[PDB]
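Participant: data.pdb is reproduced in full below (PDB, C-alpha atoms (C1' of nucleotides)).
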ATOM      1  CA  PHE C 810     -57.959  54.450  -6.155  1.00  0.00           C
ATOM      2  CA  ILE C 811     -54.219  54.462  -6.556  1.00  0.00           C
ATOM      3  CA  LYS C 812     -52.759  51.615  -8.676  1.00  0.00           C
ATOM      4  CA  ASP C 813     -51.793  48.566  -6.611  1.00  0.00           C
ATOM      5  CA  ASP C 814     -53.856  49.438  -3.535  1.00  0.00           C
ATOM      6  CA  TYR C 815     -54.416  46.311  -1.440  1.00  0.00           C
ATOM      7  CA  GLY C 816     -55.910  48.078   1.572  1.00  0.00           C
ATOM      8  CA  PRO C 817     -59.240  47.098   3.092  1.00  0.00           C
ATOM      9  CA  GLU C 818     -61.086  50.085   1.636  1.00  0.00           C
ATOM     10  CA  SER C 819     -59.624  49.574  -1.842  1.00  0.00           C
ATOM     11  CA  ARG C 820     -60.693  45.926  -2.142  1.00  0.00           C
ATOM     12  CA  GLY C 821     -64.228  45.774  -0.767  1.00  0.00           C
ATOM     13  CA  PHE C 822     -64.181  46.039   3.014  1.00  0.00           C
ATOM     14  CA  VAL C 823     -67.191  48.033   4.224  1.00  0.00           C
ATOM     15  CA  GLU C 824     -66.459  49.674   7.579  1.00  0.00           C
ATOM     16  CA  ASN C 825     -69.899  51.307   7.872  1.00  0.00           C
ATOM     17  CA  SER C 826     -73.171  49.876   9.122  1.00  0.00           C
ATOM     18  CA  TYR C 827     -76.558  49.843   7.408  1.00  0.00           C
ATOM     19  CA  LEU C 828     -77.628  52.438  10.016  1.00  0.00           C
ATOM     20  CA  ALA C 829     -74.784  54.818   9.146  1.00  0.00           C
ATOM     21  CA  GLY C 830     -75.163  54.316   5.395  1.00  0.00           C
ATOM     22  CA  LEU C 831     -72.452  53.333   2.921  1.00  0.00           C
ATOM     23  CA  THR C 832     -69.998  55.500   1.045  1.00  0.00           C
ATOM     24  CA  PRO C 833     -70.451  55.488  -2.741  1.00  0.00           C
ATOM     25  CA  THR C 834     -67.487  53.184  -3.327  1.00  0.00           C
ATOM     26  CA  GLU C 835     -68.745  50.793  -0.654  1.00  0.00           C
ATOM     27  CA  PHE C 836     -72.229  50.988  -2.160  1.00  0.00           C
ATOM     28  CA  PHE C 837     -70.967  49.852  -5.561  1.00  0.00           C
ATOM     29  CA  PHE C 838     -68.899  47.054  -4.016  1.00  0.00           C
ATOM     30  CA  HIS C 839     -71.913  45.883  -2.038  1.00  0.00           C
ATOM     31  CA  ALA C 840     -73.914  45.770  -5.264  1.00  0.00           C
ATOM     32  CA  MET C 841     -71.139  43.603  -6.795  1.00  0.00           C
ATOM     33  CA  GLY C 842     -71.467  41.218  -3.831  1.00  0.00           C
ATOM     34  CA  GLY C 843     -75.236  40.937  -3.951  1.00  0.00           C
ATOM     35  CA  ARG C 844     -75.185  40.339  -7.701  1.00  0.00           C
ATOM     36  CA  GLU C 845     -73.229  37.120  -7.176  1.00  0.00           C
ATOM     37  CA  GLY C 846     -75.844  35.597  -4.893  1.00  0.00           C
ATOM     38  CA  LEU C 847     -78.666  36.737  -7.154  1.00  0.00           C
ATOM     39  CA  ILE C 848     -76.999  35.006 -10.114  1.00  0.00           C
ATOM     40  CA  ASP C 849     -76.402  31.760  -8.229  1.00  0.00           C
ATOM     41  CA  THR C 850     -80.072  31.591  -7.265  1.00  0.00           C
ATOM     42  CA  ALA C 851     -81.060  31.411 -10.930  1.00  0.00           C
ATOM     43  CA  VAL C 852     -78.186  29.169 -12.041  1.00  0.00           C
ATOM     44  CA  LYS C 853     -78.550  26.626  -9.242  1.00  0.00           C
ATOM     45  CA  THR C 854     -82.112  25.588 -10.047  1.00  0.00           C
ATOM     46  CA  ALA C 855     -81.347  24.336 -13.552  1.00  0.00           C
ATOM     47  CA  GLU C 856     -78.852  21.888 -12.046  1.00  0.00           C
ATOM     48  CA  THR C 857     -80.807  20.847  -8.957  1.00  0.00           C
ATOM     49  CA  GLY C 858     -83.982  20.119 -10.907  1.00  0.00           C
ATOM     50  CA  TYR C 859     -82.118  18.046 -13.474  1.00  0.00           C
TER      51      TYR C 859
ATOM     52  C1'  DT U   1    -108.170  36.007 -79.756  1.00  0.00           C
ATOM     53  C1'  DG U   2    -108.713  39.598 -74.539  1.00  0.00           C
ATOM     54  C1'  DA U   3    -110.656  39.241 -69.249  1.00  0.00           C
ATOM     55  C1'  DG U   4    -111.492  35.449 -65.616  1.00  0.00           C
ATOM     56  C1'  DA U   5    -109.588  32.237 -63.477  1.00  0.00           C
ATOM     57  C1'  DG U   6    -107.364  27.729 -62.303  1.00  0.00           C
ATOM     58  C1'  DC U   7    -103.215  26.295 -60.747  1.00  0.00           C
ATOM     59  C1'  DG U   8     -98.216  25.461 -61.563  1.00  0.00           C
ATOM     60  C1'  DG U   9     -94.233  26.321 -59.885  1.00  0.00           C
ATOM     61  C1'  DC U  10     -90.437  28.667 -57.180  1.00  0.00           C
ATOM     62  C1'  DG U  11     -72.637  26.138 -26.266  1.00  0.00           C
ATOM     63  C1'  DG U  12     -70.886  22.925 -23.465  1.00  0.00           C
ATOM     64  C1'  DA U  13     -69.759  17.815 -21.498  1.00  0.00           C
ATOM     65  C1'  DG U  14     -69.558  13.389 -22.009  1.00  0.00           C
ATOM     66  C1'  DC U  15     -70.264   8.683 -23.962  1.00  0.00           C
ATOM     67  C1'  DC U  16     -69.923   5.441 -28.702  1.00  0.00           C
ATOM     68  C1'  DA U  17     -68.004   4.159 -33.940  1.00  0.00           C
ATOM     69  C1'  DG U  18     -64.231   4.498 -37.163  1.00  0.00           C
ATOM     70  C1'  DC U  19     -59.082   4.909 -38.189  1.00  0.00           C
ATOM     71  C1'  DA U  20     -53.994   4.681 -37.488  1.00  0.00           C
ATOM     72  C1'  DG U  21     -49.852   3.136 -35.518  1.00  0.00           C
ATOM     73  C1'  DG U  22     -47.395  -0.391 -33.129  1.00  0.00           C
ATOM     74  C1'  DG U  23     -45.702  -4.647 -31.548  1.00  0.00           C
ATOM     75  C1'  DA U  24     -45.837 -10.591 -30.636  1.00  0.00           C
ATOM     76  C1'  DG U  25     -46.333 -14.480 -33.268  1.00  0.00           C
ATOM     77  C1'  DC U  26     -46.361 -17.742 -37.314  1.00  0.00           C
ATOM     78  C1'  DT U  27     -44.074 -19.481 -42.204  1.00  0.00           C
ATOM     79  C1'  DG U  28     -40.996 -19.500 -46.475  1.00  0.00           C
ATOM     80  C1'  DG U  29     -35.907 -18.581 -48.026  1.00  0.00           C
ATOM     81  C1'  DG U  30     -31.262 -19.199 -46.865  1.00  0.00           C
ATOM     82  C1'  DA U  31     -27.197 -21.311 -43.224  1.00  0.00           C
ATOM     83  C1'  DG U  32     -24.924 -25.003 -42.269  1.00  0.00           C
ATOM     84  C1'  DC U  33     -23.971 -29.885 -43.125  1.00  0.00           C
TER      85       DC U  33
ATOM     86  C1'   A N   1    -159.187  31.916 -32.523  1.00  0.00           C
ATOM     87  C1'   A N   2    -155.641  29.100 -31.292  1.00  0.00           C
ATOM     88  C1'   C N   3    -149.231  27.540 -30.909  1.00  0.00           C
ATOM     89  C1'   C N   4    -144.924  29.826 -31.483  1.00  0.00           C
ATOM     90  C1'   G N   5    -137.385  27.469 -29.667  1.00  0.00           C
ATOM     91  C1'   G N   6    -132.610  28.234 -29.761  1.00  0.00           C
ATOM     92  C1'   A N   7    -127.839  27.431 -30.842  1.00  0.00           C
ATOM     93  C1'   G N   8    -121.950  25.958 -31.063  1.00  0.00           C
ATOM     94  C1'   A N   9    -117.667  28.857 -33.220  1.00  0.00           C
ATOM     95  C1'   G N  10    -112.089  30.425 -32.413  1.00  0.00           C
ATOM     96  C1'   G N  11    -106.985  26.091 -33.637  1.00  0.00           C
ATOM     97  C1'   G N  12    -101.662  26.039 -34.067  1.00  0.00           C
ATOM     98  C1'   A N  13     -96.853  27.971 -34.488  1.00  0.00           C
ATOM     99  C1'   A N  14     -93.103  31.715 -33.186  1.00  0.00           C
ATOM    100  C1'   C N  15     -91.453  35.715 -30.230  1.00  0.00           C
ATOM    101  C1'   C N  16     -91.310  39.067 -26.177  1.00  0.00           C
ATOM    102  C1'   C N  17     -92.416  40.715 -21.382  1.00  0.00           C
ATOM    103  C1'   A N  18     -93.621  39.513 -16.466  1.00  0.00           C
ATOM    104  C1'   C N  19     -94.503  36.435 -11.816  1.00  0.00           C
ATOM    105  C1'   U N  20     -93.415  32.659  -7.720  1.00  0.00           C
ATOM    106  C1'   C N  21     -89.110  30.330  -6.256  1.00  0.00           C
TER     107        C N  21
ATOM    108  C1'  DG E   1     -31.983 -33.766 -49.054  1.00  0.00           C
ATOM    109  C1'  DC E   2     -32.555 -32.407 -43.534  1.00  0.00           C
ATOM    110  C1'  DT E   3     -33.444 -29.241 -39.367  1.00  0.00           C
ATOM    111  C1'  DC E   4     -33.328 -24.951 -38.192  1.00  0.00           C
ATOM    112  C1'  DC E   5     -32.974 -19.440 -37.712  1.00  0.00           C
ATOM    113  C1'  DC E   6     -34.471 -14.597 -39.730  1.00  0.00           C
ATOM    114  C1'  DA E   7     -37.394 -11.543 -42.170  1.00  0.00           C
ATOM    115  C1'  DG E   8     -42.311 -10.828 -44.144  1.00  0.00           C
ATOM    116  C1'  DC E   9     -47.306 -11.268 -43.160  1.00  0.00           C
ATOM    117  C1'  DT E  10     -51.571 -11.782 -39.442  1.00  0.00           C
ATOM    118  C1'  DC E  11     -53.386 -10.683 -35.627  1.00  0.00           C
ATOM    119  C1'  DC E  12     -54.883  -7.928 -31.646  1.00  0.00           C
ATOM    120  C1'  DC E  13     -54.214  -4.191 -28.987  1.00  0.00           C
ATOM    121  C1'  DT E  14     -53.982   0.555 -27.737  1.00  0.00           C
ATOM    122  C1'  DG E  15     -54.654   5.076 -28.605  1.00  0.00           C
ATOM    123  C1'  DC E  16     -57.026   8.961 -30.814  1.00  0.00           C
ATOM    124  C1'  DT E  17     -60.729  11.791 -33.141  1.00  0.00           C
ATOM    125  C1'  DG E  18     -65.329  12.658 -34.732  1.00  0.00           C
ATOM    126  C1'  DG E  19     -70.583  12.356 -33.788  1.00  0.00           C
ATOM    127  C1'  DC E  20     -75.351  12.544 -30.822  1.00  0.00           C
ATOM    128  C1'  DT E  21     -78.114  14.110 -26.764  1.00  0.00           C
ATOM    129  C1'  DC E  22     -79.261  16.806 -22.408  1.00  0.00           C
ATOM    130  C1'  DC E  23     -79.584  21.121 -20.157  1.00  0.00           C
ATOM    131  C1'  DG E  24     -85.851  23.005 -12.926  1.00  0.00           C
ATOM    132  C1'  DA E  25     -91.343  23.370 -12.352  1.00  0.00           C
ATOM    133  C1'  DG E  26     -95.424  26.068 -12.824  1.00  0.00           C
ATOM    134  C1'  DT E  27     -98.283  30.669 -14.178  1.00  0.00           C
ATOM    135  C1'  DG E  28    -100.153  35.247 -16.750  1.00  0.00           C
ATOM    136  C1'  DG E  29    -100.422  38.492 -20.639  1.00  0.00           C
ATOM    137  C1'  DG E  30     -99.619  40.696 -25.566  1.00  0.00           C
ATOM    138  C1'  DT E  31     -98.234  40.640 -30.652  1.00  0.00           C
ATOM    139  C1'  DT E  32     -97.650  38.822 -35.454  1.00  0.00           C
ATOM    140  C1'  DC E  33     -98.871  35.379 -38.691  1.00  0.00           C
ATOM    141  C1'  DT E  34    -100.581  31.701 -41.699  1.00  0.00           C
ATOM    142  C1'  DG E  35     -96.790  32.846 -49.870  1.00  0.00           C
ATOM    143  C1'  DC E  36     -96.632  34.946 -54.047  1.00  0.00           C
ATOM    144  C1'  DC E  37     -95.813  35.682 -59.425  1.00  0.00           C
ATOM    145  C1'  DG E  38     -97.355  34.644 -63.308  1.00  0.00           C
ATOM    146  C1'  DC E  39     -98.424  31.706 -66.625  1.00  0.00           C
ATOM    147  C1'  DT E  40    -101.531  29.226 -69.701  1.00  0.00           C
ATOM    148  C1'  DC E  41    -106.324  27.823 -70.572  1.00  0.00           C
ATOM    149  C1'  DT E  42    -111.369  29.239 -70.883  1.00  0.00           C
ATOM    150  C1'  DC E  43    -115.792  32.303 -71.654  1.00  0.00           C
ATOM    151  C1'  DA E  44    -116.900  35.831 -74.175  1.00  0.00           C
TER     152       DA E  44
END
How would this structure read if it were set down as structure tokens?

Facilitator:
Amino acid sequence: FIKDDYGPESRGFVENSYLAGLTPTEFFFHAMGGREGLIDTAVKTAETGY
DNA sequence: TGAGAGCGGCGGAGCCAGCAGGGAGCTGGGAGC
RNA sequence: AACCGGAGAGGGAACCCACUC
DNA sequence: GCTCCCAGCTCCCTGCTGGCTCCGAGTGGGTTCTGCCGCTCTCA
């Protein structure tokens, strides 16, 4: 991407569906999104149990 | 006194205790008589 | 011609990997 | 000699910095590891 690109494609918006598949940039961004939830699942338990 | 051997020794957050600095308040030395 | 069974040992520390959430 | 007002000492207070304890529940495997050098006394 060009420097200082605030457009939807350049910041994480995925305009494709899971039926049409994702472009490589959208695939990486989607991985970045899923990683956050996966981390919170492990972090949350240590607080809730305490 | 030499081999066998016994052992002698060489990360982060958040509550509690101490310290430092700063005033109100009391008592001796001087101000008037 | 003459009795003829029978057990008992494995423990701890540390580390890593993995699983279910 | 008399009462009294102003600085020096006593107290408490506030504020700040250093020190101790906690950090989900289960489960299954495997692997390594439990000290070592030598120094003096004894049997031969």

Participant: At a cut-off of 9 Å, list the chain E residues touching chain C, using only C-alpha atoms (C1' of nucleotides), as a PyMOL selection string.

Facilitator: chain E and resi 23-25

Participant: For atom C1' of residue U:11 and atom CA of residue C:845, quote the distance in Å rounded to one decimal.

Facilitator: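 About the pair atom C1' of residue U:11 and atom CA of residue C:845: they are 22.0 Å apart.
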
Participant: Can you list, as a list in words, the residues that the PyMOL selection byres ((chain N and resi 13) around 9) selects here?

Facilitator: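 Listing what the PyMOL selection byres ((chain N and resi 13) around 9) selects in the shown file: residues 12 and 14 of chain N; 33 and 34 of chain E.
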
Participant: Going by the chain IDs and residue numbers used in this file, which residues fall under the PyMOL selection byres ((chain E and resi 16-19) around 9)? Write them as a ChimeraX atom specification.

Facilitator: /U:16-20 /E:15,20

Participant: Grab the residues selected above and save them as a PDB file, keeping the file's coordinate frame with C-alpha atoms (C1' of nucleotides).

Facilitator:
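File selection-v4.pdb, as written:
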ATOM      1  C1'  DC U  16     -69.923   5.441 -28.702  1.00  0.00           C
ATOM      2  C1'  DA U  17     -68.004   4.159 -33.940  1.00  0.00           C
ATOM      3  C1'  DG U  18     -64.231   4.498 -37.163  1.00  0.00           C
ATOM      4  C1'  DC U  19     -59.082   4.909 -38.189  1.00  0.00           C
ATOM      5  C1'  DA U  20     -53.994   4.681 -37.488  1.00  0.00           C
TER       6       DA U  20
ATOM      7  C1'  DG E  15     -54.654   5.076 -28.605  1.00  0.00           C
ATOM      8  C1'  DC E  20     -75.351  12.544 -30.822  1.00  0.00           C
TER       9       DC E  20
END

Participant: Skip residue U:7 itself and residues of its chain fewer than 2 positions away, then list as a count of residues only all residues within 10 Å of it, counting only C-alpha atoms (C1' of nucleotides).

Facilitator: 4

Participant: So for stretch 839-853 of chain C, what box centre and size do we get, axis-aligned, 6 Å extra on each of the six sides, every listed atom, Å to one decimal, as JSON?

Facilitator:
{"center_x": -76.1, "center_y": 36.3, "center_z": -7.0, "size_x": 21.9, "size_y": 31.3, "size_z": 22.0}

Participant: So, counting all atoms listed in the file, which residue among E:44, E:11, E:22, E:37 is closest to residue U:23?

Facilitator: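 Nearest candidate to residue U:23 out of E:44, E:11, E:22, E:37: E:11.
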
Participant: Find the distance between atom CA of residue C:821 and atom CA of residue C:835 and write it in Å to one decimal.

Facilitator: 6.8 Å

Participant: What is the distance, in Å and to one decimal place, between atom CA of residue C:819 and atom CA of residue C:838?

Facilitator: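 For atom CA of residue C:819 relative to atom CA of residue C:838, the distance reads 9.9 Å.
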
Participant: For each of E:14, E:35, E:30, E:2, take the minimum atom-to-atom distance to residue N:16, counting only C-alpha atoms (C1' of nucleotides), then give the residue where this is smallest.

Facilitator: E:30

Participant: With the PyMOL selection byres ((chain U and resi 30) around 12) as the selection, what would be picked from this file? Answer as a VMD selection string, please.

Facilitator: (chain U and resid 28 to 29 31 to 32) or (chain E and resid 4 to 7)
